[PDB]
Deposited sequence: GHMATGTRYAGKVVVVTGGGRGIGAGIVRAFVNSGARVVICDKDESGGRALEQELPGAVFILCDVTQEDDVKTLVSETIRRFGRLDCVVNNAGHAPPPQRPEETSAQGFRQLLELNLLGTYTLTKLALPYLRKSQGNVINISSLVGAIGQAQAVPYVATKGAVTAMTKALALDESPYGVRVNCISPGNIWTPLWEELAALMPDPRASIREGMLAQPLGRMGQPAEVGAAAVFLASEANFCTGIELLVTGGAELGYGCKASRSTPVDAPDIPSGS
């Protein structure tokens, strides 16, 4: 591919799931991709598989890891055009009274402050390249979700932070956008479903939450990311929904008393 040829892209959480879909899409578009992930399994295999992708073991919650991620990307490839902040975690369902401030703080560290830290360290280089930031948020930041108060709050923060940073970096020509996936079939989805009483039913429910009648694929999030990096040159501060229409219309969510 040539749509994003000569460009260098960092994808956090890139070893599996949505992240690996985004890595593949960018490689297919002609870019060099640095896969950042805290687990070795998936990311190392992806580096062997894809000419054009390399793996760096990095925990975005560790500032030293992130500093090294950026410095190694520049040392090895000479530029930085796009950061995709995909690293994140969705805990299992929790009733509000079962959450804790400390668990909430830890989830903020992963889902919000890791995105903040890498973006900050990358922006001097993105300014030089007129590059861009893509944050992976979630539809539930916009419309809520039951049994996930901390998770929703973190994604509401990521989406808002995208718009604020877009304002700040617009004079420097650096675009900042987010993607808000709905239900995407991934290893996180399959694991969360396995903890449920009937996993088959939970997956069936997840497919029917979308008018399209299926869950989405990592490749579809990847295509949205490549669009935002390579062809969305008048888009900044937008929230690109990749949800199969989940937010549309009335549904089962629960005569006037």
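Gaps between the deposited sequence and the modelled structure occur at positions 1 to 5, 260 to 267, 271 to 274.
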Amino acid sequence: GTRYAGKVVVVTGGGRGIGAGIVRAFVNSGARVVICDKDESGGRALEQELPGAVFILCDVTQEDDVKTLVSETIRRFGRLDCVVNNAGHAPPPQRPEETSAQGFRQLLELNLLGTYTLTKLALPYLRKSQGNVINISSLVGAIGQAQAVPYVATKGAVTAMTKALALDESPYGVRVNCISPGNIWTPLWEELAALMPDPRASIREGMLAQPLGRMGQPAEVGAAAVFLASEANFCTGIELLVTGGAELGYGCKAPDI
From here on, numbers count along this sequence of modelled residues.
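For the pair 91 to 99 and 149 to 157, the mean B factor over Cα atoms is greater in 91 to 99. Comparing 58 to 66 with 27 to 35, the higher mean C-alpha B-factor in the PDB entry belongs to 58 to 66. Going by the entry's values, 203 shows the largest Cα B-factor out of 232, 219, 203, 46. Per the PDB entry, 193 shows the highest C-alpha temperature factor of the residues 225, 193, 215, 50.
The PDB entry assigns residue 5 a C-alpha temperature factor belonging to the middle third of its chain's modelled residues. Annotation for residue 109: C-alpha temperature factor in the highest third relative to the rest of the modelled chain, per the entry.
In the PDB entry, a CA B factor belonging to the lowest third of its chain's modelled residues is recorded for residue 132. In this PDB entry, the Cα temperature factor of residue 77 sits in the middle third of its chain's modelled residues. For residue 171, the recorded CA B-factor ranks within the highest third of the chain. Only modelled residues enter the ranking.
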